[PDB]
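Residue-level structure breakdown
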Amino acid sequence: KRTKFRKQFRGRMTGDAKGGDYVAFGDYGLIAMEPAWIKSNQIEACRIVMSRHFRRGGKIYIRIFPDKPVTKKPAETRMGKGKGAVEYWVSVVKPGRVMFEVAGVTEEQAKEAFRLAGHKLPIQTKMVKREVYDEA
Amino acid sequence: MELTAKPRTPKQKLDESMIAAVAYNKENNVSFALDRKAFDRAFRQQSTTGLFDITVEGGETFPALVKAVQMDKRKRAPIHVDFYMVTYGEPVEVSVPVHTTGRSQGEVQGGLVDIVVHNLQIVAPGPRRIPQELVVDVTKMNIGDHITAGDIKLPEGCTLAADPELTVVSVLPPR
Amino acid sequence: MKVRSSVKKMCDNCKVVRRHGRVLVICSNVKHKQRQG
Amino acid sequence: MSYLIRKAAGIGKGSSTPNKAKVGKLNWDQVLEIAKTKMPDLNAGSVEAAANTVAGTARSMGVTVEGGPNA
RNA sequence: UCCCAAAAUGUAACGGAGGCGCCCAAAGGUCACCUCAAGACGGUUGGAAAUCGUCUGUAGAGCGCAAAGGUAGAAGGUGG
RNA sequence: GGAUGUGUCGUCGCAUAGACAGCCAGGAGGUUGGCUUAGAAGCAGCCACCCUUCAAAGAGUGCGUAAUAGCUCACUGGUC
């Protein structure tokens, strides 16, 4: 969710994935296919939903942590400088990236644990399976 | 896998379903360019622990091994491949996947067993006889049973490159 | 009748029809009677 | 069956953790009298039919079953 | 002094961070010499670190203050 | 985001030794499976999901009650 301590601010830019593996920590995983900002509350909205579906196992890996502070409008003005260090924290995701990947539970019993998680995401994803063997 | 071409220029393939790999050892690192589909259907099985027929256009069957494959992001599709020609008595080192069999005594119990490390690497495989898999006992494993390299029975010869006390699978607790 | 934007099956009956330009849903059960338009 | 079984092991209820905490165990001998009553309800081909049929019943009530074959 | 500044320089904003208006008869000139942080094992008030000792040790320390570059064949640490 | 709207490439698949959809008939015995409950008997929720017969019929699809019950499915044969 929210980081523990840091610097305080940032900026904005994009270009395709870079460190989003594939299989690892599980057999089934969910992959993001579009450039976006993933709100930390948009992850909970995913995890939590996923939990419910899984009556146990917790074999859910969320490997897209919010390494980013965004700001906002103190109400209107414009005559002041940097604003709202605290609007919210997001975690820039890029295509091919892997935010989710369950483990242990049946295909179907997974093709749903994701589907749902998809429904609260600002981007389109697609489920991936195996044959992932680069580095280890 | 009848790969025929092998030039720096791939216009004649990029449009036409054809992957593009390279092979070697220390002698010949013949430029290459095999067929999409084929490799695609191929590597699935033999994976990286499977040497296959490489008769390049002209007919010169060669023995190699799937070393490293780098596929496209966004599109699960593969783009490049490295074939490290087989050997005879020694290749280098190989990547062999860990597998389970028989219900574990932790599953029905109250928790689920987890495989801390999917594919495992052992020192010195042994060209001609390199484990195209690795089934492992899990049953015994209860509520916190971690198995390691110092456990897994190896195929007469093969030595474990992975540090021993390293957990390959444990049976994770419930919830 | 149900005019939803995201129409889809609801039980082993829903016969998703496509009448005049519209995507419809006809199931033995009526509360299943769907329709995008 | 469940009733007679309870009585026999002495079991008390049933179980919801028949995988964690089960309840007990008995011998085939008992299983004899059982079939020798449930018979008019045991469409069994010959014994074993009902000799093993009853296993599962005892096998999902949390009842560990004695002996059987071999050794 | 950093970042923004788009690998020369330069480059704005009520853009993002932080210091100065000193200090040192020596914290200087020169000439000699020593070399750090830290962990581990073992040791007295000690017992967390700290003192002594023994291994490891690009220095992960130090440089009067803010940061950056720089620096141990010393700009680091003593004495004439 | 939704969809038997078309076009073209790929994957399983399952199959004249006669499938799919349709049709007549069947449908199991233990068991109201154990557990939990004011009770819940293939269908509110824990645990499993074995036995027997058979050509067959899975402790089980969904609908239904306060549970019943009742209605069909998966598995079975003929007719094409």
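Residues numbered from 1 in each chain as written, not as in the entry; some residues may be left out. Chains lettered and ligands numbered in written order. Part of a larger assembly, values for the part shown. Heavy atoms only, no water.

- Labelled according to the PDB entry, chain D appears under the name 50S ribosomal protein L11, originating from Deinococcus radiodurans.

- Check the Function section of the UniProt entry for chain C; it says "Binds the 23S rRNA."
- Its UniProt record gives chain C a comment under Subunit, which states: "Part of the 50S ribosomal subunit." (UniProt positions renumbered as here; feature names shortened; annotations may be inferred.)

1. Details of the protein's contact with RNA strand F
- Taken together, 33 residues are adjacent to RNA strand F, and C:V7, D:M1, D:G14, D:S16 and D:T53 come closest.
- Atoms of RNA strand F within 4 Å of the protein: sugar and phosphate make up 76%, bases the balance.
- The side chain of A:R55 places a nitrogen or oxygen atom 2.9 Å from a phosphate oxygen of RNA strand F.
- The backbone of D:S15 places a nitrogen or oxygen atom 3.0 Å from a sugar or linking oxygen of RNA strand F.
- Considering every element that reaches the surface near RNA strand F, the biggest residue donor is helix α3 (residues 48–59) of chain D, with 6 residues.
- A breakdown of the residues in the surface near RNA strand F according to their chemical character gives 9 nonpolar, 15 polar and 9 charged. (Near = heavy atom within 4 Å. Polar contact = N/O pair within 3.5 Å; in protein donor to acceptor, adjacent residues only side chain to side chain. Helix = DSSP H or I, 4+ residues; strand = E, 2+ residues; numbered from the N terminus. Nonpolar A, V, L, I, M, F, W, Y, C, P; charged D, E, K, R; others polar.)

2. Considerations on the UniProt feature "binding site: Zn(2+)" in chain C
Residue and element names in this part refer to chain C.
- Following the UniProt record, one finds the feature "binding site: Zn(2+)" at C11, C14, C27 and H32. Taken along the chain, the residues just named run across 22 residues; in space they keep tight, none of their C-alpha pairs more than 8.4 Å apart.
- By secondary structure assignment, the location of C14 is in the loop between β1 (2–3) and β2 (17–18).
- Residue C14 is classed as buried on the basis of its relative accessible area, which comes to 11%.
- If sequence neighbours within four positions are ignored, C14 has contacts with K9, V25, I26, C27 and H32.
- Take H32: it is sitting in the loop between β3 (23–25) and β4 (34–35).
- Apart from residues lying up to four places away in sequence, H32 is in contact with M10, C11, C14, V25 and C27. (Buried < 20%, exposed > 50% of the residue type's maximum accessible area, 1.4 Å probe, protein only. Contact = heavy atoms within 4.5 Å.)

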